[PDB]
Structures are given as structure tokens and as C-alpha cells.
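coords05.cif follows (mmCIF, C-alpha atoms and all ligand atoms):
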data_coords
loop_
_atom_site.group_PDB
_atom_site.id
_atom_site.type_symbol
_atom_site.label_atom_id
_atom_site.label_comp_id
_atom_site.auth_asym_id
_atom_site.auth_seq_id
_atom_site.Cartn_x
_atom_site.Cartn_y
_atom_site.Cartn_z
ATOM 1 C CA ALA A 1 70.862 109.002 56.113
ATOM 2 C CA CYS A 2 74.353 109.530 57.536
ATOM 3 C CA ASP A 3 75.260 112.663 59.472
ATOM 4 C CA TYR A 4 78.918 111.889 58.742
ATOM 5 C CA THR A 5 80.315 109.580 56.073
ATOM 6 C CA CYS A 6 83.930 108.420 56.371
ATOM 7 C CA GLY A 7 84.674 106.378 53.275
ATOM 8 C CA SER A 8 82.120 103.567 53.473
ATOM 9 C CA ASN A 9 81.352 104.216 57.150
ATOM 10 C CA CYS A 10 78.050 105.794 58.154
ATOM 11 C CA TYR A 11 77.818 107.715 61.427
ATOM 12 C CA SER A 12 74.940 109.495 63.132
ATOM 13 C CA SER A 13 75.436 112.412 65.524
ATOM 14 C CA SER A 14 74.763 110.043 68.426
ATOM 15 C CA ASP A 15 77.670 107.815 67.314
ATOM 16 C CA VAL A 16 80.005 110.827 67.418
ATOM 17 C CA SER A 17 78.631 112.153 70.742
ATOM 18 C CA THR A 18 79.090 108.756 72.373
ATOM 19 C CA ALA A 19 82.657 108.403 71.058
ATOM 20 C CA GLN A 20 83.553 111.982 72.020
ATOM 21 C CA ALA A 21 82.188 111.585 75.559
ATOM 22 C CA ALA A 22 84.408 108.556 76.156
ATOM 23 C CA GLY A 23 87.470 110.263 74.694
ATOM 24 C CA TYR A 24 86.902 113.498 76.584
ATOM 25 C CA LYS A 25 86.488 111.627 79.889
ATOM 26 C CA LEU A 26 89.834 109.857 79.432
ATOM 27 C CA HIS A 27 91.445 113.179 78.526
ATOM 28 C CA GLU A 28 90.112 114.826 81.705
ATOM 29 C CA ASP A 29 91.314 111.957 83.873
ATOM 30 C CA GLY A 30 94.700 112.046 82.149
ATOM 31 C CA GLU A 31 94.467 108.459 80.924
ATOM 32 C CA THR A 32 95.062 106.828 77.533
ATOM 33 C CA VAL A 33 94.245 103.517 75.853
ATOM 34 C CA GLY A 34 95.809 101.609 72.970
ATOM 35 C CA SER A 35 99.403 101.331 71.774
ATOM 36 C CA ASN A 36 98.997 104.665 69.962
ATOM 37 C CA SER A 37 97.848 106.289 73.235
ATOM 38 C CA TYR A 38 94.398 107.735 72.557
ATOM 39 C CA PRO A 39 93.232 110.328 73.106
ATOM 40 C CA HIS A 40 96.163 112.524 72.086
ATOM 41 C CA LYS A 41 96.778 115.980 70.672
ATOM 42 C CA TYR A 42 95.839 116.551 67.064
ATOM 43 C CA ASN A 43 98.171 119.132 65.482
ATOM 44 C CA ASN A 44 96.101 119.853 62.379
ATOM 45 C CA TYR A 45 99.022 119.422 59.963
ATOM 46 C CA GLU A 46 96.339 119.095 57.254
ATOM 47 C CA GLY A 47 95.179 122.639 57.857
ATOM 48 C CA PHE A 48 91.444 121.921 58.239
ATOM 49 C CA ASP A 49 89.256 124.991 58.819
ATOM 50 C CA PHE A 50 88.047 124.148 62.323
ATOM 51 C CA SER A 51 85.472 126.628 63.665
ATOM 52 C CA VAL A 52 86.290 126.001 67.342
ATOM 53 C CA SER A 53 89.450 126.888 69.295
ATOM 54 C CA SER A 54 92.459 124.662 69.978
ATOM 55 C CA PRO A 55 93.986 122.565 71.510
ATOM 56 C CA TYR A 56 92.496 119.635 69.570
ATOM 57 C CA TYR A 57 92.517 115.944 70.512
ATOM 58 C CA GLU A 58 91.842 112.921 68.323
ATOM 59 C CA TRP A 59 89.899 109.853 69.437
ATOM 60 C CA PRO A 60 88.948 106.789 67.348
ATOM 61 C CA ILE A 61 85.309 106.324 66.354
ATOM 62 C CA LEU A 62 84.474 102.730 65.354
ATOM 63 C CA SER A 63 82.139 101.646 62.539
ATOM 64 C CA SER A 64 80.753 98.816 64.695
ATOM 65 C CA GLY A 65 79.141 101.361 66.991
ATOM 66 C CA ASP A 66 81.385 100.170 69.836
ATOM 67 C CA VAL A 67 83.432 102.602 71.909
ATOM 68 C CA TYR A 68 87.201 102.318 71.382
ATOM 69 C CA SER A 69 88.954 100.535 74.246
ATOM 70 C CA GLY A 70 92.471 99.773 73.053
ATOM 71 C CA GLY A 71 92.557 97.549 69.985
ATOM 72 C CA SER A 72 93.027 98.519 66.339
ATOM 73 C CA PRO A 73 91.908 102.181 66.048
ATOM 74 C CA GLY A 74 90.705 101.906 62.464
ATOM 75 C CA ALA A 75 90.704 104.872 60.088
ATOM 76 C CA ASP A 76 88.140 107.270 61.566
ATOM 77 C CA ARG A 77 88.611 109.907 64.267
ATOM 78 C CA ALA A 78 86.495 112.371 66.220
ATOM 79 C CA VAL A 79 88.372 115.612 66.943
ATOM 80 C CA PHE A 80 87.327 117.614 70.016
ATOM 81 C CA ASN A 81 88.804 120.543 71.932
ATOM 82 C CA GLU A 82 89.477 121.546 75.541
ATOM 83 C CA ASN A 83 85.901 122.807 75.998
ATOM 84 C CA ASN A 84 84.352 119.515 74.879
ATOM 85 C CA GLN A 85 83.342 121.024 71.519
ATOM 86 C CA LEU A 86 83.380 118.837 68.402
ATOM 87 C CA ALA A 87 85.924 120.239 65.930
ATOM 88 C CA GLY A 88 85.290 117.661 63.220
ATOM 89 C CA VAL A 89 85.233 114.052 62.041
ATOM 90 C CA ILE A 90 88.171 112.912 59.933
ATOM 91 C CA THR A 91 89.552 109.756 58.325
ATOM 92 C CA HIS A 92 92.639 108.149 56.801
ATOM 93 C CA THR A 93 90.323 106.517 54.241
ATOM 94 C CA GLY A 94 90.901 108.067 50.829
ATOM 95 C CA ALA A 95 94.059 109.851 52.011
ATOM 96 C CA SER A 96 97.726 109.084 51.312
ATOM 97 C CA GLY A 97 99.903 107.506 53.983
ATOM 98 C CA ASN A 98 99.025 108.790 57.433
ATOM 99 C CA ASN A 99 97.245 111.912 56.159
ATOM 100 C CA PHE A 100 93.602 112.669 56.960
ATOM 101 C CA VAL A 101 90.696 113.968 54.892
ATOM 102 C CA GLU A 102 87.401 115.191 56.333
ATOM 103 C CA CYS A 103 84.358 112.950 56.488
ATOM 104 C CA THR A 104 81.450 114.365 54.496
HETATM 105 N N1 LIG B 1 98.173 113.244 59.875
HETATM 106 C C1 LIG B 1 98.277 113.788 61.080
HETATM 107 N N2 LIG B 1 98.844 113.108 62.072
HETATM 108 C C2 LIG B 1 98.823 113.774 63.246
HETATM 109 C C3 LIG B 1 98.304 115.009 63.500
HETATM 110 N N3 LIG B 1 98.471 115.361 64.826
HETATM 111 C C4 LIG B 1 99.095 114.343 65.337
HETATM 112 N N4 LIG B 1 99.361 113.336 64.434
HETATM 113 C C5 LIG B 1 100.280 112.167 64.638
HETATM 114 O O1 LIG B 1 101.518 112.407 63.887
HETATM 115 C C6 LIG B 1 102.044 111.166 63.361
HETATM 116 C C7 LIG B 1 102.108 111.152 61.818
HETATM 117 O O2 LIG B 1 100.832 111.268 61.179
HETATM 118 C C8 LIG B 1 101.077 110.108 63.888
HETATM 119 O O3 LIG B 1 101.663 109.657 65.132
HETATM 120 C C9 LIG B 1 99.756 110.875 64.099
HETATM 121 O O4 LIG B 1 98.937 110.318 65.133
HETATM 122 P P1 LIG B 1 97.875 109.182 64.832
HETATM 123 O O5 LIG B 1 98.610 108.259 63.937
HETATM 124 O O6 LIG B 1 97.572 108.641 66.185
HETATM 125 O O7 LIG B 1 96.768 109.917 64.188
HETATM 126 C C10 LIG B 1 97.726 115.730 62.444
HETATM 127 O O8 LIG B 1 97.316 116.883 62.515
HETATM 128 N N5 LIG B 1 97.745 115.041 61.248
HETATM 129 CA CA CA B 2 75.708 103.840 64.415
HETATM 130 CA CA CA B 3 77.734 96.527 69.754
#
Any chance you could give the structure as C-alpha cells?
Amino acid sequence: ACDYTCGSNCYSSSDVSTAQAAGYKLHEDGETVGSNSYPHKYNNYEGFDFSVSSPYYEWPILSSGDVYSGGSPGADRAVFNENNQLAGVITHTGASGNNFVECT
């Protein structure tokens, strides 16, 4: 079973932990990858009810199981905060334009 389902994508907690660890490390070292410069601040325009404190940062999580390194980011994102706490897993899949909806 999936711990997180983003559209047709199935993720386990380990997938998210691995993605988050890579994103958080880049954030701490003040480095970014990809033309869209990940990881970067997530403003929460959507108004999701995150249970952890801000600031929030978004980092791509890939369906292939591979850690994002600069190519096409896809539709799914792991959102973490300054204390390395997972805020949530979101996706553009099933959402209009560049909006996000939460993964179930
Ligand atoms: N939809 C959305 N985009 C955000 C948010 N925070 C930052 N962004 C960025 O604002 C712009 C319009 O959505 C994009 O550059 C998007 O970045 P990403 O495209 O890298 O997610 C947010 O809370 N919601
Ligand atoms: Ca997996
Ligand atoms: Ca692989």
C-alpha cells in the first residue's frame, strides 16, 4: 500500500524521507539545482493546514524512486520546514494551472 498517493504515483515514507534529506542538505548548504532552483521557499498560497511551523521549502520527489538532481521536476513535491520536519506531500496533478493539491 502507498503511504502517499499523488495522482497515479505511489510513495512510501522511505521515498519521502530520502527526497527530503537531499533537499534539506542542499538548503543547509545554500545550494540549488534545476532551472526552477530547488529547493526554494513554498509560500502556501493554497492555504494547506500544515501542522508544523514555517518557513516551508518545496523539493521535487520523483516517481522513479530517484533523487532529483536538476532535470524535469515532475508534478510532486515534498514540503519541509527549517527544523527538518515534513510539512506535507503535494502535487500539481489534478490541480488547475500551477496550483497544488495534497497527496492522499
Ligand atoms: N502554487 C504555488 N506556487 C508556489 C508557492 N510558493 C511558491 N510557489 C511558486 O510561485 C510560482 C507560481 O505558482 C511558481 O514559481 C511556484 O514555484 P514552483 O513552480 O517551483 O512550485 C505556493 O504556495 N503555491
Ligand atoms: Ca518507491
Ligand atoms: Ca533507480
Give me the chain A side of the contact with ligand LIG 1 (chain B), cut-off 7 Å, one line per residue showing its nearest atom pair and distance in Å at one decimal, counting all atoms listed in the file, sorted by chain and residue number, as JSON lines.
{"residue": "A:36", "atom": "CA", "partner": "B:LIG1", "partner_atom": "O6", "distance": 5.7}
{"residue": "A:41", "atom": "CA", "partner": "B:LIG1", "partner_atom": "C4", "distance": 6.0}
{"residue": "A:42", "atom": "CA", "partner": "B:LIG1", "partner_atom": "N3", "distance": 3.7}
{"residue": "A:43", "atom": "CA", "partner": "B:LIG1", "partner_atom": "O8", "distance": 3.8}
{"residue": "A:44", "atom": "CA", "partner": "B:LIG1", "partner_atom": "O8", "distance": 3.2}
{"residue": "A:45", "atom": "CA", "partner": "B:LIG1", "partner_atom": "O8", "distance": 4.0}
{"residue": "A:46", "atom": "CA", "partner": "B:LIG1", "partner_atom": "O8", "distance": 5.8}
{"residue": "A:98", "atom": "CA", "partner": "B:LIG1", "partner_atom": "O2", "distance": 4.8}
{"residue": "A:99", "atom": "CA", "partner": "B:LIG1", "partner_atom": "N1", "distance": 4.1}
{"residue": "A:100", "atom": "CA", "partner": "B:LIG1", "partner_atom": "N1", "distance": 5.5}
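Comparing A:60, A:86, A:27, A:8 by their smallest distance to residue 72 (chain A), the closest is A:60 (using all atoms listed in the file).
Interatomic distance, CA of residue 48 (chain A) against CA of residue 76 (chain A): 15.4 Å.
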Which residues are near residue 32 (chain A)? Cut-off 9 Å, all atoms listed in the file, ignore same chain within fewer than 6 positions. Put them as a compact mmCIF listing (two decimals) with C-alpha atoms, keeping the file's coordinate frame.
# COMPACT_ATOMS: atom_id res chain seq x y z
CA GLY A 23 87.47 110.26 74.69
CA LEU A 26 89.83 109.86 79.43
CA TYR A 38 94.40 107.74 72.56
CA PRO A 39 93.23 110.33 73.11
CA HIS A 40 96.16 112.52 72.09
CA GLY A 70 92.47 99.77 73.05
**OP:** Check which residues satisfy the PyMOL selection byres (((chain A and resi 75) around 8) and not hetatm) in the file shown, then give them as a ChimeraX atom specification.
**Re:** /A:60,73-74,76-77,91-93
Original post:
Counting only C-alpha atoms and all ligand atoms, what residues are within 9 Å of ligand CA 3 (chain B), given as a PyMOL selection string?
Top reply: chain A and resi 64-67
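Within a radius of 6 Å around (89.1, 118.7, 77.9), the polymer residues are residues 24, 28, 82, 83 and 84 of chain A, counting only C-alpha atoms.
Near residue 14 (chain A), within a cut-off of 12 Å and counting only C-alpha atoms, sit the residues residues 2, 3, 4, 19, 20, 21, 61, 65, 66 and 67 of chain A, with same-chain residues fewer than 5 positions away left out.
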Subject >> Interatomic distance (Å, one decimal) between CA of residue 90 (chain A) and CA of residue 55 (chain A) >> reply: 16.2 Å
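Distance annotation: of A:5, A:81, A:96, A:13, the residue with the minimal separation from residue 57 (chain A) is A:81; atom set is all atoms listed in the file.
CA of residue 89 (chain A) to CA of residue 103 (chain A) spans 5.7 Å [interatomic distance, one decimal].
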**OP:** Please provide as a ChimeraX atom specification all residues within 10 Å of residue 71 (chain A), with the sequence filter that same-chain residues fewer than 4 positions apart are discarded (counting all atoms listed in the file).
**Re:** /A:33-36
Counting all atoms listed in the file, what are the residues of chain A within 6 Å of ligand CA 2 (chain B), and for each of them which pair of atoms is the nearest and at what distance in Å, to one decimal? Sort the table by chain and rising number, as a tab-separated table.
residue	atom	partner	partner_atom	distance
A:11	CA	B:CA2	CA	5.3
A:12	CA	B:CA2	CA	5.8
A:15	CA	B:CA2	CA	5.3
A:65	CA	B:CA2	CA	5.0
Subject >> Closest of A:10, A:62, A:101, A:22 to residue 88 (chain A) - atom-to-atom distances counting all atoms listed in the file >> reply: A:101
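Using all atoms listed in the file, the smallest distance between any of A:79, A:94, A:9, A:37 and residue 54 (chain A) comes from A:79.
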